[PDB]
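Single-structure report; data block below.
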Amino acid sequence: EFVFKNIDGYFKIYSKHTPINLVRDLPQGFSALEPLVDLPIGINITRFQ
Amino acid sequence: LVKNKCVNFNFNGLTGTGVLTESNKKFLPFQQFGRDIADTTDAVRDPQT
Ligand SMILES: *[C@@H]1O[C@H](CO)[C@@H](O)[C@H](O)[C@H]1NC(C)=O
């Protein structure tokens, strides 16, 4: 799982990696993302692929 | 680094006065600060060490 947020001039990426016992959907259990990378770029994005 | 003696401490433009002793509590690599329940700067990470 990776969460990407762009605020106040710098791009941010947060990632937490966990193996899941059940294939269907996503685990109900709570897992908190730990920042892996923080990038200072002024880039703007209105689309992602 | 002086320990066990009250001394003025400045870390990255942050200044506080106290006795600095090693903290048993451990935190993840990304974190650079520790705080108390009163939103006070309870613990630090020496930048050099
Ligand atoms: C950033 O993106 C938004 C949405 O596309 C746009 O309105 C804005 O002009 C862009 N660039 C800057 C420098 O604000």
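We label chains A, B, ... in the order they appear in the structure tokens, count residues from 1 in each chain, and number ligands from 1 in the order shown.
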Output as a CSV table (one decimal) with C-alpha atoms, in the first residue's frame the set of chain B residues within 10 Å of chain A, with distances taken over only C-alpha atoms.
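And here's part.csv as it stands now:
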```
chain,number,residue,atom,x,y,z
B,28,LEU,CA,11.7,4.2,13.7
B,29,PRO,CA,14.4,5.5,11.4
B,30,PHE,CA,12.2,8.3,9.9
B,31,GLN,CA,11.4,10.1,13.2
```
Exercise for the section: Please identify the residues whose atoms come within 12 Å of ligand 1, using only C-alpha atoms and all ligand atoms, and report them as a list in words. Expected result: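 Within the 12 Å cut-off, the matching residues are residues 6, 7, 8, 9, 42, 43, 44, 45, 46 and 47 of chain A.
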Could you write those residues out with C-alpha atoms, as a short mmCIF file (atom, residue, chain, number, x, y, z; two decimals), in the first residue's frame?
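See result-v5.cif below for the written result:
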```cif
data_model
loop_
_atom_site.label_atom_id
_atom_site.label_comp_id
_atom_site.auth_asym_id
_atom_site.auth_seq_id
_atom_site.Cartn_x
_atom_site.Cartn_y
_atom_site.Cartn_z
CA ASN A 6 1.07 16.63 -2.70
CA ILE A 7 0.93 19.58 -0.32
CA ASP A 8 2.75 22.84 0.44
CA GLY A 9 5.33 22.44 -2.33
CA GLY A 42 7.39 21.71 -7.04
CA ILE A 43 5.70 19.54 -9.65
CA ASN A 44 2.03 19.72 -10.15
CA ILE A 45 -0.21 16.81 -10.99
CA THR A 46 -3.89 16.57 -11.90
CA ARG A 47 -3.62 13.02 -13.27
#
```
Handout entry: Shell of 12 Å around residue 21 of chain B, only C-alpha atoms, local chain residues under 4 positions omitted, as an MDAnalysis selection string
Key = chainID B and resid 1:7 25 42:46
Problem - Picked from chain A by DSSP as strand (DSSP E or B), as a list in words - result: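 Across chain A, those assigned strand (DSSP E or B) are residues 2, 3, 4, 5, 6, 7, 10, 11, 12, 13, 14, 15, 34, 35, 36, 37, 38 and 39 of chain A.
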Exercise for the section: Counting only C-alpha atoms, figure out which residue out of A:31, A:19, A:26, A:4 gets nearest to residue 48 of chain A. Expected result: A:4
Practice task
One decimal, Å: what's the distance from atom CA of residue 47 of chain B over to atom CA of residue 32 of chain B, could you say?
Solution key: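 We find that atom CA of residue 47 of chain B and atom CA of residue 32 of chain B lie 8.6 Å from each other.
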